[PDB]
Amino acid sequence: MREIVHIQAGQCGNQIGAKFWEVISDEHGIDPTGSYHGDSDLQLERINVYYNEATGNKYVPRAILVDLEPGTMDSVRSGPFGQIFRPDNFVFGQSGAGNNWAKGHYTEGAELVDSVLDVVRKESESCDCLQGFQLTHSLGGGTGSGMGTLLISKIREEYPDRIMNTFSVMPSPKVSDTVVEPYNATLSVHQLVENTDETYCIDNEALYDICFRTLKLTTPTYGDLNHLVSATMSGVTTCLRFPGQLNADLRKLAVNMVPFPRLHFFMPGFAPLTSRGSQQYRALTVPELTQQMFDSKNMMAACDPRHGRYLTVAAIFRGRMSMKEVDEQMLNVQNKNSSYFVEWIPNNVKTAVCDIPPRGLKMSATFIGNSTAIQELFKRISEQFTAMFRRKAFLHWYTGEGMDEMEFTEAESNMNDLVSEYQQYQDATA
Amino acid sequence: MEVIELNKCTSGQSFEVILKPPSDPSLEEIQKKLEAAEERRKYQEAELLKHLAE
Amino acid sequence: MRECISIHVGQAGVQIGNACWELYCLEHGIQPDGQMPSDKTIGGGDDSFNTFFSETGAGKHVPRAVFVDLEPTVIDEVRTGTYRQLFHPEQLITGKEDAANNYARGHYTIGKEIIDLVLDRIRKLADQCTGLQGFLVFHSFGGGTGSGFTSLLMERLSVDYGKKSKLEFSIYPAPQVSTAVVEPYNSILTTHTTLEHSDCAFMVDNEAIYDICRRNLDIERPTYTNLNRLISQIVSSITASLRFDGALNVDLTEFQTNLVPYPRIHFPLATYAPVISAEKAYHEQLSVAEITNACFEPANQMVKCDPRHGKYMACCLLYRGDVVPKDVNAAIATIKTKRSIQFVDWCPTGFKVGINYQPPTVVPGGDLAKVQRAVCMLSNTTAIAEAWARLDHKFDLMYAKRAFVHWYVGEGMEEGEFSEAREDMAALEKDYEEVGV
Amino acid sequence: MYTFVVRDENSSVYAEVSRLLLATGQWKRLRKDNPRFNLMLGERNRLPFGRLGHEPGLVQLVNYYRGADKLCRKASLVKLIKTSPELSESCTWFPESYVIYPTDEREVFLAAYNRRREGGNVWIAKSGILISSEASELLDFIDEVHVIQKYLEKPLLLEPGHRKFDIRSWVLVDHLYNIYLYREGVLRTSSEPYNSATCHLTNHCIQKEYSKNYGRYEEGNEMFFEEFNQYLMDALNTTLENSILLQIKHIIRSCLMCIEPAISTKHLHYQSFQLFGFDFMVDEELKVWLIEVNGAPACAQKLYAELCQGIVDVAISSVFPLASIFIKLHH
Ligand SMILES: CC[C@H](C)[C@@H]([C@@H](CC(=O)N1CCC[C@H]1[C@H](OC)[C@@H](C)C(=O)N[C@H](C)[C@@H](O)c1ccccc1)OC)N(C)C(=O)[C@@H](NC(=O)[C@@H](NC)C(C)C)C(C)C
Ligand SMILES: Nc1nc2c(ncn2[C@@H]2O[C@H](COP(=O)(O)OP(=O)(O)OP(=O)(O)O)[C@@H](O)[C@H]2O)c(=O)[nH]1
Ligand SMILES: Nc1ncnc2c1ncn2[C@@H]1O[C@H](COP(=O)(O)OP(=O)(O)CP(=O)(O)O)[C@@H](O)[C@H]1O
Ligand SMILES: Nc1nc2c(ncn2[C@@H]2O[C@H](COP(=O)(O)OP(=O)(O)O)[C@@H](O)[C@H]2O)c(=O)[nH]1
Ligand SMILES: [Ca+2]
Ligand SMILES: [Mg+2]
Ligand SMILES: [Mg+2]
Ligand SMILES: [Mg+2]
């Protein structure tokens, strides 16, 4: 009974957050009404990590839904799994954040944040032994990015010894034409470097390219993008949710994955890559899972892992398979590409196997990499940031909310420092 | 090969065979260490909360 | 009769403890019930098996054991398991959140909050002893609780029970089953702090056990359950002399006397044979000569190393089953001509031998076959320092970059403790090389 | 793809083996401290044998035998021959030898030295070397650990030139403890007439430095087996195989079989091979004497290509198959 409290903020945050709860509710045999109807005891053994129990043996997600406008949450409450959420855990404003980090962090979000913290507190108080928090949000908008990071900082102040974990969706001009997203994202990364323990870098650039190139979807939708995100979120939380040895709680994961406190940005990967309703009939072999899960084309961050080195890796295999073959194949990846794993962290790849496959697959594998190649992502954002900032373009939207240019300069400098620190360990020898 | 000190009982026996001859810290100190570490944690937390207050 | 208290710490310590106490019950004829029909003395005894079991008025035989874990899942399985009636609740101690594979969290942060409780619970077992001779402590090197809390407990036992011997059974980390990248850090940290408080420590490398299970039990991918059943057989071999009538290693002090001439060099190598698959349809029973010769094969050691390239300080042979001294001596004579066995100059070249006529007991439905004779060799050889060299090198690689060090400093540990522990290990390696080369 | 690391940069033999391995395309060379290797070409000293064979999913092979130094150090070899019943105090192919410490077998050496004078008593002190009949002088030289060995007063002398030589044989011992004697040996010759009273040391360096006649009879004072066999036939009516090689093979086998229980990696978690250079003197009567064993030999220039290829074929590819120049000394 090591509870996690889940928060989802802004449009993107609530969209992928709601999909996460649909996907893992089905895995745990919980229906849209909160009733359990599964066939395995494995489903319920750690159900309390993400669910509260009610009377009638109802299971309620330990989830808080936040937004500065009502639209997406109205959508969620009218979705399939809308009823499953605790009605008092819907916390929303009317003003919106207008894709503006300053509105989310300093003005509009500040008016709403105490209400949110009140709900967070009610959930935390109910916990036998709270582990920490997970937040879903995008970095490119205003609410998830600005108010999301505001929340992270306030939660850290009230719960300074708990783990803070985020699923953070990075903007890409391949998916959004909103010009200020690199500003919002850079301001947010500055916050994440300081205040989270673990951040999964979910890159819309990678998501779009997987859909277009690999899944051959000529007009990718957010539904298609979020299908990849919810598969990934299911895979990377598997060790938290089912009986197991490795990375079985947020703190043990962090101690295995984070060798230096600022370098806590992870590149997730998944195999097999599927589109919604592709419904494929051949299971992958263990060698296939292993090859594909490490492939650049299967990464959810648009970074070439061959351009960097792995500091640490977690791999999670799901389904009925030979654990002997899993061990053999995992050893083969490392022994065949040993130069890509830093030699000064011995045995830095850990493997978990869970018997329960995700819905629709017999076999799957999820990859979590702490790779120095993630610098490519931050460099991409930094270049977009500087192209505008050198001319102070669009800054009036932010200074109108009380921000000074100095705050932008500090955020930029901190992210460029982060990039340089990755490069440092990339070039480091034993 | 010399056998010595053969001891027997209903449960078993034992013997020795020679092939060749030859040729602190107080309770107080512990408590202090645990408290010094606790104070360092508390100091580091205090610095964090100060930073968050700024 | 002098009592021994077993203390099981962290997941590895607890689960190995489960396996051992199950085996002890089978060997002594004690039911999960806690009842022992063969014990004709009701409510109290002076017998050798009373070293490990106390008695209730109703004739329940209760392990002189404490289980400690900072998290409740594993000890919860003992509580609700087969042998739930065996232990009383005050023997099973749990916390709410664990040490997260962090020595500093186990030793400083959480250990501070639970050490006095554990000691009070140990004190209660000690109060039921007429002649407590000391402690047997089971733990991993790699876990945060196994490493960090154990070393705190060992320091405090030296204070509260200064006269009493302390033996360890320690699980040395192996990547094939390990769950943390920082296990080398935890290993060096706990060895440094425990070294002065332990009189004799039996290290078991999970790698060695893992491979024995693969090679000899034909287990494709060994589980902790497979590993622990094999370990419990080795542990039972070693503690048999405390639990049965005999004249060798009859109390804890004799382990140090017989195996440990130099106090810091207190890590004897265990080697065990034969390990045979219960699934093997046809099996030829191995002679005294064959199982004794097997004791000098690295493939059968609890730690893989090469004793041909070190020196011996002591050697004990512990037989179970159909064995007589004449056959042991013939086997030894032969082995000495064939094998590289060099003792240090200041030690006699020889073996202490114990024979218990009851063949090893195996758990019904386990992996091991019943054999008519088995042997555990305990040798203090300088070759076991290969394991310290391996561990120290991994430590050096990470520590040079200060990788993961902030997790320890964040729990209030000073960075200087890393280098102090590492210096101690450097000196230890130096001690071995002086004795052995 | 197989992987290897290189930890002795000063090795001419394994530089070539390394070059050969890469040329196969099926071997990749890792950074020296990457632990995920199949093959280690190790350092000459304090090779970390204790770290080998603990890598899941890798078969690991190293180009040295732990413990082979007992054969390959002067003092250890002496002690090894005296105290091994397989070799024994009575062993007829190794010159009388004693271990002496400066500032120990000193007494024993004198005990038999006094025997020698009443009633040929030349000896040699090895660590710079000193040949002398004065025992007293030799002991002084040592003082300011050595072996004192009976100096072969009656060497076989090559003609024309009246010059002494020594024979180097290359021996490869694989992971199965198969003993392979390389077909080709070399005679390291003195280019000076042997003077009973530069000309006593067949050392290649010494000849080049101190000999006016370096290179006149043969290229770089090296005579190879084909020529030497022809010389033996013409001058002595016999062959290299019969007069000398039979003894050489006997000695190599005796030494390595002696040490086998101590250094064999047959049931070990890592495997070893090693290349040895055995050095022999032969006397007037065509009796062969062992001088020493080298644990890290170089090779003769024109034999590098063949020998190193042989190492890859026999010692490496035997363990790591890809996708004879040796005589097997059968036990
Ligand atoms: C590549 C950028 C996104 C992904 C696509 C997508 C938006 C979408 O999926 N949208 C707009 C909310 C509605 C949603 C989809 O309908 C189209 C529904 C079916 C859906 O996927 N709904 C999912 C299941 C739902 O959970 C959901 C998720 C997020 C938001 C709302 C609702 O429509 C093709 N967009 C803007 C586009 O393709 C637009 N093109 C561009 O913006 C181009 N630049 C002009 C580039 C960036 C591609 C065209 C519409 C002009
Ligand atoms: N042989 C054996 N080894 C084990 C077992 N359980 C864990 N280990 C090993 O112990 C090390 C991990 O330490 P654990 O004992 O699980 O950790 P813990 O002491 O519970 O410490 P925290 O969980 O960090 O509080 C790894 O090397 C594991 O391979 C077991 O049942 N048997
Ligand atoms: N007992 C002996 N009788 C006669 N000559 C001897 C001898 N011992 C050594 N020599 C001569 O001395 C030379 C060098 O001796 P030695 O082999 O001990 O030196 P070394 O080992 O340093 C060179 P390498 O390693 O290449 O053989 C030999 O070539 C041999 O001719
Ligand atoms: N992958 C994904 N990205 C989204 C989704 N909705 C919005 N985004 C992205 O999020 C960024 C805009 O932030 P958004 O969450 O809409 O703003 P907020 O409501 O102010 O937090 C842009 O980069 C969008 O491309 C979604 O459902 N899935
Ligand atoms: Ca009794
Ligand atoms: Mg939007
Ligand atoms: Mg634990
Ligand atoms: Mg030499």
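These values consider heavy atoms only, across backbone and side chains, with no hydrogens, waters or symmetry-generated copies. Throughout, a chain's letter reflects where its sequence line sits, starting with A, and its residues are numbered from 1. Both ligands and their constituent atoms are indexed starting at 1 by order of listing.
Rounded to the nearest 10 degrees, the angle OD2 (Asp39(C)) to the Ca ion (ligand 5) to O (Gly44(C)) equals 160°.
Under 4.0 Å from ligand 4, heavy atoms of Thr143(A) appear from its side chain as well as its backbone. Only the side chain of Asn204(A) comes within 4.0 Å of ligand 4, counting heavy atoms alone; its backbone N, CA, C and O stay farther away. Only the side chain of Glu181(A) comes within 4.0 Å of ligand 4, judged by heavy-atom distances.
Every N/O-N/O distance between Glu69(A) and ligand 4 stays at or above 3.5 Å. Polar contact check, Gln11(A) against ligand 4: a nitrogen or oxygen pair lies under 3.5 Å apart. Inclusion of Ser145(A) in the set of residues having an N or O under 3.5 Å from an N or O of ligand 4 is not warranted.
Between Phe265(A) and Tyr422(A), the gap from one ring centroid to the other reaches at least 6.0 Å.
A salt bridge links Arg318(A) with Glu27(A): the closest approach of a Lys/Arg side-chain nitrogen to an acidic carboxylate oxygen falls below 4.0 angstrom. Taking 4.0 Å as the cut-off between side-chain N and carboxylate O, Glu376(A) and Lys379(A) do not count as a salt-bridged pair. For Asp26(A) and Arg359(A), the salt-bridge test passes: some basic side-chain N is under 4.0 Å from an acidic carboxylate O. For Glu90(C) and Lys124(C), the salt-bridge test fails: no basic side-chain N is under 4.0 Å from an acidic carboxylate O. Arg380(A) and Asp203(A) are joined by a salt bridge, as a carboxylate oxygen and a charged side-chain nitrogen come within less than 4.0 angstrom of each other.
Remark: ligand 4 atoms within the under-4.0 Å shell around heavy atoms of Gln15(A) are 27 (O). Close approach to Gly142(A) involves these atoms of ligand 4, each under 4.0 Å from a residue heavy atom: 17 (O), 18 (P), 20 (O). Residue contact check: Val175(A) has heavy atoms under 4.0 Å from atoms 25 (O) of ligand 4.
Here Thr72(A) pairs with nothing under the side chain to side chain donor-acceptor pair (under 3.5 Å) rule; sequence neighbours left out. Every residue two or more places apart in sequence or in another chain that forms a side chain to side chain donor-acceptor pair (under 3.5 Å) with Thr221(A) is listed here: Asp224(A).
Distance check for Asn50(C) against the Ca ion (ligand 5): none of its N/O/S atoms falls below 3.0 Å. Here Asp46(C) does not reach the Ca ion (ligand 5): none of its N/O/S atoms is less than 3.0 Å from the metal.
Here the protein heavy atom with the shortest distance to atom 25 (O) of ligand 4 is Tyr222(A) OH, 3.2 Å.
Taking the six-membered ring where the residue is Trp, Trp21(A) and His6(A) present perpendicular rings, their angle passing 60° and hence far from 30°.
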